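One letter stands for each residue in the lines below.
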Amino acid sequence: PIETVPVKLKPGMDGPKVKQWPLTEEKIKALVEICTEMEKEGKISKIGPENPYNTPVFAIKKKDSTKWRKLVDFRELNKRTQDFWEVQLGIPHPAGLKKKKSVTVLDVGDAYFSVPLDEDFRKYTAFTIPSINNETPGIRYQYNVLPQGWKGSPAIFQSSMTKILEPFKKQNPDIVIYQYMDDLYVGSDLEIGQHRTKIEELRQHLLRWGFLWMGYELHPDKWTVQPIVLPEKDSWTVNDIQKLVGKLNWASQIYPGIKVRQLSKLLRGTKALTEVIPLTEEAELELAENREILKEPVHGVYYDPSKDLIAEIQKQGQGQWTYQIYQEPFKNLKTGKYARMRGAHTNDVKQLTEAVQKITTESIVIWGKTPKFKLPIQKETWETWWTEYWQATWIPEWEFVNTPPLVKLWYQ
Amino acid sequence: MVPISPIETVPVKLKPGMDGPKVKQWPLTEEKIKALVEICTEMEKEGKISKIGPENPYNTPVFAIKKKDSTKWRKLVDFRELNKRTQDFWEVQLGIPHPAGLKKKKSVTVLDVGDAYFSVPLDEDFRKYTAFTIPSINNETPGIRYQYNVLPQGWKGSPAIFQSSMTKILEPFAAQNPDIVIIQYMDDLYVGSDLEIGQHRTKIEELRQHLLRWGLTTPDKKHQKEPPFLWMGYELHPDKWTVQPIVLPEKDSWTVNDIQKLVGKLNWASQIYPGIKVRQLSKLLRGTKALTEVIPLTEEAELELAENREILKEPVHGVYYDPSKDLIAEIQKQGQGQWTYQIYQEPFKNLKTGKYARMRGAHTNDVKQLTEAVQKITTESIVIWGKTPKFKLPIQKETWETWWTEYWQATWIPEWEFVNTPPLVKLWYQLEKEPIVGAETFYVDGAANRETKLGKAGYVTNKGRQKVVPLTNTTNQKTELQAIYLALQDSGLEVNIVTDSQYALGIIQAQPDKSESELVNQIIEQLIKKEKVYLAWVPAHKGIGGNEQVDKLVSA
Ligand SMILES: Cc1cc(/C=C/C#N)cc(C)c1Oc1nc(NC2CCN(Cc3ccc(S(N)(=O)=O)cc3)CC2)nc2ccsc12
Ligand SMILES: [Mg+2]
């Protein structure tokens with residue numbers, strides 16, 4: 001693969017100039033060893049002061065692994081790299097991947113290091129290994145080959161990947177294989193038993209063509225918009241009715257025909273919050289009609305691939321997190337709820353970081369792109385700690401929610 | 001002749017589209033021209049510059065400057081125009097080491113590398129852009145035109161290219177001598193180690209032997225500074241470090257920049273002098289840009305400055321870093337959004353100190369500020385030492401547990417332990433999760449007319465208690481808060497309150513303990529007095545009783 005594909009930046013855009021954030025000693029030492037051997041293998045080269053660009057780098061440990069992995073935060077370079085109409089004007093996103101019973105995710109990013117990078121573009125991949133206390137100048141490198149995490153790497157490599165797969169693909173024409181950045185999503189409609197073998201024979205298939213032993217498996221038969229449910233009770237207090245009317249008023253922004261007139265009139269007077277109110281049968285009927293309305297899907301909800309996906313997350317307590325994915329307000333394309341985030345019963349931020357990664361993974365499977373997150377956390381807390389729990393090879397965008405949303409109660 | 005390796009040249013370019021400078025040489029006096037001709041002649045025989053023909057169309061003006069007693073002339077080429085057109089570089093001299101991260105060094109040698117600077121060649125293809133012209137005597141001959149072969153002083157790329165070339169030169173020597181440290185500071189090179197003076201001196205001689213490979217001669221800096229080194233505003237002593245003397249000036253009339261260098265001295269001193277406070281002195285600046293405006297010190301700024309004099313009365317020193325011992329950070333609340341901290345390994349010997357000031361906002365609480373201080377110290381500690389310190393915080397473990405388990409945001413503080421040093425950070429109120437049985441229920445509402453600013457606020461309760469208060473010069477949002485305040489004022493120790501104010505919920509659900517709104521502060525003071533408060537929200541104008549009745553009362 002000696003011929004490099006020519007790559008350019010977007011018109012009137014310079015290369016990234018992103019500051020390297022501080023790293024602990026053990027992450028620096030890990031990056032020094034990794035990059036020393038990458039330099040020996042020709043994947044990267046030292047650079048001089050005539051290169052003013054920079055992209056941040058840190059170190060992670062992938063799921064169920066103890067070997068340090070180098071992760072470059074190419075987010076700025078990705079939005080500055082030319083739009084890629086690869087060999088086509090696009091691959092239509094495989095709408096059947098989200099329907100398979102089992103999907104295994106395979107880290108294939110190491111294949112990128114076989115293709116050299118356009119020599120005129122290498123300077124824009126510059127990154128710095130910082131030193132502790134600025135006691136030595138940072139170690140400056142640039143990439144000679146397609147780097148993991150860069151937008152152009154799957155596009156430039158895909159023609160090489162299309163042929164590596166298609167012997168496997170015509171053996172199993174009902175296996176859906178999808179590529180997003182460094183990862184391959186291989187979904188089969190067969191029960192786990194021989195799925196692992198089918199992933200393993202892909203895994204050895206690839207190594208015969210020039211790996212990482214690793215794969216995380218998902219089951220997207222689940223992924224819908226969770227229904228709005230209303231309580232079913234034999235005795236309602238004034239407070240219960242008030243919370244119900246508030247929830248229904250919120251749901252009325254999403255669903256047509258929600259009514260709270262009969263339920264509100266039960267609260268005629270100035271009653272103690274704990275007093276039991278018997279429901280009239282007009283109120284029961286109205287409540288029953290609202291229950292029926294909430295059983296149907298929301299009217300006119302469609303995915304527009306030109307707009308951003310928005311993911312909101314609420315902390316619900318006791319390790320529970322709710323989330324909604326949408327592009328337009330009250331037009332949820334997907335909602336969900338999480339519990340029992342592994343390895344962090346006493347760390348809110350670790351739980352949030354794992355929720356972000358799982359929502360992003362779901363969004364990749366369903367739409368082939370990552371959402372923009374609205375995170376219920378102060379910026380300084382998130383920014384200090386999220387890299388400590390990050391285990392994915394991509395990174396989405398995020399913004400911060402500083403005012404407590406009233407609607408946390410409605411997804412409760 | 002001993003063959004020497006060439007210093008690898010850095011390729012340099014102009015900014016895209018731009019061309020080299022074309023600035024006219026100013027007229028000079030005959031005496032200055034004679035001076036510049038001699039200076040450049042010796043520079044030329046040393047290889048620094050070279051005569052060029054008339055084809056070069058670029059030019060940069062040259063000047064001749066003197067000094068007071070130095071009875072000679074100085075050359076100065078003003079590369080301001082060329083610097084505007086030169087590419088950006090990796091400025092590898094951005095951040096400096098903090099002394100508190102440094103480790104003890106038994107011996108330190110200083111080497112002068114000022115003349116090694118001129119062994120760094122300038123990129124051949126860029127030299128043409130450095131052209132300058134000595135005007136001739138009486139303008140009767142063509143001016144002598146030169147260009148640089150070496151890094152011009154005053155040119156944009158010279159500091160970055162010089163340090164990068166030296167670092168590349170020194171790289172194998174440092175890597176194969178792990179028991180020494182080397183750093184470059186302007187024309188000075190400092191080599192420290194823990195070797196006995198014999199082996200140390202040997203390593204220095206080996207370093208000179210190494211630098212000779214590139215033809216670099218490095219005598220030790222003339223007029224040896226005996227400790228401490230005066231470096232980057234610090235005093236580096238062999239076993240202690242501190243800032244250079246902090247002298248608060250005596251004044252009976254301060255203007256806004258006398259306070260702004262006061263703030264800078266105190267900000268500089270706050271990294272080793274514990275308890276420095278600057279808020280009441282910094283607040284005296286906000287809205288002015290005329291620096292000679294005399295502003296009276298408030299009684300609170302004289303008090304603050306006085307307290308700073310008492311901390312500055314005696315020099316204090318920080319210790320250097322011992323990697324074998326723990327790293328500990330301790331924080332204290334100072335009041336008015338201010339926090340101080342000390343980082344140490346052994347008790348009473350600080351590596352460094354510091355302070356944190358609350359962010360600007362309408363409402364806040366101590367736990368959020370303490371959390372922000374922790375994140376700042378965490379990030380600074382990773383910079384300086386490469387690790388998070390163990391924290392000692394003035395907040396009970398039970399208080400923190402209650403806070404983060406109930407707070408609507410995700411939050412986290414790393415490994416920490418309680419230190420019982422008042423004032424302790426606490427939660428000042430906690431709202432109920434469920435309505436209170438037997439507690440009176442207040443349905444509150446407020447309203448204001450947008451054009452006349454006339455409003456009402458009040459409540460009605462399940463016991464028939466009622467109140468409406470007329471208000472002037474008010475808004476919807478203020479009357480909604482007023483209504484809640486009145487319910488708290490007029491209720492017993494336990495109370496259920498029902499509002500339709502999303503604005504009031506959003507404030508109270510943020511759990512502030514202080515506000516820039518006096519009404520919110522009054523509500524906070526009432527909440528502190530209660531035993532149980534349940535706050536419930538309902539949507540407005542949906543026929544909900546209690547709420548509909550009071551809405552009528554207050555909406556004119
Ligand atoms: C080596 C060095 C010197 C200086 C001074 C500049 C000036 N002007 C600055 C830095 C940043 C240096 O760089 C590192 N300095 C250290 N530690 C220091 C070394 C100096 N001592 C003070 C001292 C020691 C011995 C004598 S003595 N007895 O020889 O007269 C006199 C004074 C405090 C700790 N550690 C590192 C690690 C990587 S770089 C680096
Ligand atoms: Mg009203």
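Residues numbered from 1 in each chain as written, not as in the entry; some residues may be left out. Chains lettered and ligands numbered in written order. Heavy atoms only, no water.

Per the PDB entry, chain B goes by p66 RT and derives from Human immunodeficiency virus type 1 group M subtype B.

As recorded by the PDB entry, chain A carries the name p51 RT and is attributed to Human immunodeficiency virus type 1 group M subtype B.

Caption draft 1: View of the overall build of chain A. Counting its regular elements, chain A contains nine helices and 16 strands. Its C-alpha atoms give chain A principal-axis dimensions of about 80 × 55 × 40 Å. The burial tally for chain A puts 52% of its 412 residues in the buried class. Summed over its atoms, the accessible surface of chain A is roughly 19,700 Å², and 52% of this surface lies on carbon and sulfur atoms. Treating the 58 positive side-chain charges of chain A as one cloud and the 53 negative ones as another, the clouds have centres 1 Å apart. (Helix = DSSP H or I, 4+ residues; strand = E, 2+ residues; numbered from the N terminus. Buried < 20%, exposed > 50% of the residue type's maximum accessible area, 1.4 Å probe, protein only. Areas by Shrake-Rupley, 256 points an atom, 1.4 Å probe, with all protein chains shown as cover. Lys, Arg positive; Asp, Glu negative; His and termini not counted. Charge placed at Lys NZ, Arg CZ, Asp CG, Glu CD.)

Caption draft 2: A look at the coordination of the magnesium ion (ligand 2). Residues and elements named next belong to chain B. In this structure, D445 (OD) and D551 (OD) serve as the protein donors to the magnesium ion (ligand 2), at separations of 2.1 Å. Of this pair, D445 sits in strand β18 (residues 440-448) while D551 sits in helix α14 (residues 547-554); the two residues are 106 residues apart in sequence, bridging distant segments of the chain. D445 gets classed as buried once you look at its relative accessible area, which sits at 5%. Given a relative accessible area of 16%, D551 falls into the buried group. (Donors = N, O, S within 2.8 Å, 3.2 Å for Na, K, Ca; no water.)

Caption draft 3: Broad picture of the sheet that holds strand β6 (residues 139-143) of chain A. All names here are of chain A. Ordered by their spatial adjacency, three strands build an open sheet running β1-β6-β5, and the pairing between neighbours is antiparallel. Because the sheet does not close on itself, it has two edges, and the strands there are β1 (44-46) and β5 (127-129). Across the sheet, the axes of successive neighbouring strands diverge by a mean angle of 40°, strand direction being ignored. Taken together, the three bridges between β1 and β6 define a ladder with antiparallel strand orientation. Bridge pairing links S45 to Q142 in β6. (Pairing = 2+ DSSP bridges. Axes fitted to C-alpha atoms, helices over the stretch in contact; angles between N-to-C directions.)

Caption draft 4: Quick look at the interface of chain B and chain A. Each partner contributes to the interface: chain B provides 66 residues, whereas chain A provides 58 residues. When the buried surface of chain B facing chain A is broken down by residue, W90, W408 and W412 of chain B rank first, second and third, together holding 17% of it. Across the contact surface, chain B and chain A share two salt bridges. The partner of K103 of chain B in a salt bridge is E135 of chain A, and the shortest N-O contact between them spans 2.6 Å. (Contact = heavy atoms within 4.5 Å. Buried area = accessible area lost by both parts, 1.4 Å probe. Salt bridge = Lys/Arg side-chain N within 4 Å of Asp/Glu carboxyl O.)

Caption draft 5: Looking closely at the packing of aromatic side chains. Enumeration according to the criterion identifies 41 aromatic pairs over all chains in this entry. Centroid distance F79 of chain B to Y148 of chain B: 5.6 Å. Interplanar angle 65°. Geometry classified as edge-to-face. With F79 of chain B in the loop between β3 (74-77) and α2 (80-85) and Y148 of chain B in strand β6 (residues 144-148), this residue pair connects regions lying 69 residues apart in the sequence. Relative accessible area serves as the criterion here: at 2%, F79 of chain B is assigned to the buried category. The exposure class of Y148 of chain B is buried, given its relative accessible area of 5%. Ring geometry for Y234 of chain B versus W241 of chain B: centroids 5.8 Å apart, planes at 80°, classification edge-to-face. Grouping residues by exposure puts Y234 of chain B and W241 of chain B together as buried. An aromatic cluster of three or more residues is present, and its members are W21, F58, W382, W386, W390, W394 and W398 of chain A. (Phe/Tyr/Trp six-rings, centres within 6.5 Å; stacked < 30°, edge-to-face > 60°.)

Caption draft 6: Expanded view of the domain arrangement of chain A. Residues and elements named next belong to chain A. You can read the domains of chain A as domain 1 (6-95 + 121-161), domain 2 (96-120 + 162-217), domain 3 (218-303) and domain 4 (304-412). Summarising the inter-unit geometry, the C-alpha centres of domain 3 and domain 4 are found 26 Å apart. Tallying the contact residues gives 17 residues for domain 3 and 21 residues for domain 4. Summed over both sides, the interface of domain 3 with domain 4 buries roughly 1,800 Å², with 69% coming from carbon and sulfur. For the domain 3 face of the interface with domain 4, the top three residues by lost area are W223, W250 and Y303, together amounting to 45%. Inspection of the region where domain 3 meets domain 4 yields zero salt bridges. Taken together, domain 3 and domain 4 are joined by four residue pairs in polar contact. Sort the elements by how many residues they give to the side of domain 3 that touches domain 4 and helix α5 (residues 238-251) lands first, with four residues. For the side of domain 3 that touches domain 4, the residue count by class is nine nonpolar, six polar and two charged. (Domains from an automatic or database assignment. Polar contact = N/O pair within 3.5 Å; in protein donor to acceptor, adjacent residues only side chain to side chain. Nonpolar A, V, L, I, M, F, W, Y, C, P; charged D, E, K, R; others polar.)

Caption draft 7: Structural view of a positive patch on the surface. A contiguous patch of positive charge, built from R279, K283, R286 and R360 of chain B, is present on the exposed surface. With respect to the element layout, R279 of chain B can be found in helix α7 (residues 279-282). (Patch = residues over 30% accessible without salt bridge, like charges linked within 9 Å, V, L, I, M, F, W, Y side chains within 5 Å.)

Caption draft 8: Representation of the sheet that holds β6 of chain B within the structure. Residues and elements named next belong to chain B. The strand order across the open sheet built from three strands is β1-β6-β5, with neighbouring strands paired in antiparallel fashion. Where the open sheet ends on each side, the last strands, each with one partner, are β1 (49-51) and β5 (132-134). For this sheet the average axis-to-axis angle between neighbouring strands, irrespective of direction, equals 35°. Looking at chain direction, β1 and β6 are connected through three bridges and run antiparallel. Counterpart to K51 in the pairing with β6 is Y146.

Caption draft 9: Inspection of the packing of helix α11 (residues 476-490) of chain B against helix α13 (residues 518-529) of chain B at higher detail. Residue and element names in this part refer to chain B. One way to put it is that α11 packs onto α13 with a least axis distance of 10 Å and a crossing angle of 25°. When the interaxial angle is binned, α11 and α13 end up roughly parallel. For the element pair α11 and α13, the recorded crossing hand is left-handed. Across the interface between the two elements, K478, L481, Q482, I484, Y485, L488 and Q489 of α11 pack against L519, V520, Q522, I523, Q526 and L527 of α13. Across the contact of α11 with α13, the residue classes tally to eight nonpolar, four polar and one charged. (Parallel < 35°, antiparallel > 145°, perpendicular 65-115°, else oblique. Left-handed = near helix turned anticlockwise from the far one by under 90°.)

Caption draft 10: Summary view of the site of ligand 1. Taken together, 17 residues are adjacent to ligand 1, and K103, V108, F229, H237 and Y320 of chain B come closest. Looking at the residues close to ligand 1, they fall on chains A and B. Separating a nitrogen atom of ligand 1 from a backbone N or O atom of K103 of chain B is a distance of 2.9 Å. Contact between ligand 1 and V108 of chain B: an oxygen atom at 3.2 Å from a main-chain N or O atom of the residue. (Near = heavy atom within 4 Å.)

Caption draft 11: Representation of the side chain of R203 of chain A within the structure. With respect to the helices, strands and loops of the structure, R203 of chain A is situated in helix α4 (residues 192-208). Setting aside anything within four residues of it in sequence, one finds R203 of chain A in contact with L106, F211, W213, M214 and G215 of chain A.

Caption draft 12: Structural detail: the environment of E299 of chain B. Residues and elements named next belong to chain B. With respect to the helices, strands and loops of the structure, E299 is situated in helix α8 (residues 299-311). Accessibility expressed as a relative area gives 72% for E299, which makes it exposed. Sequence-wise, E299 and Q280 are 19 residues apart; in three dimensions their C-alpha atoms are separated by 9.5 Å.

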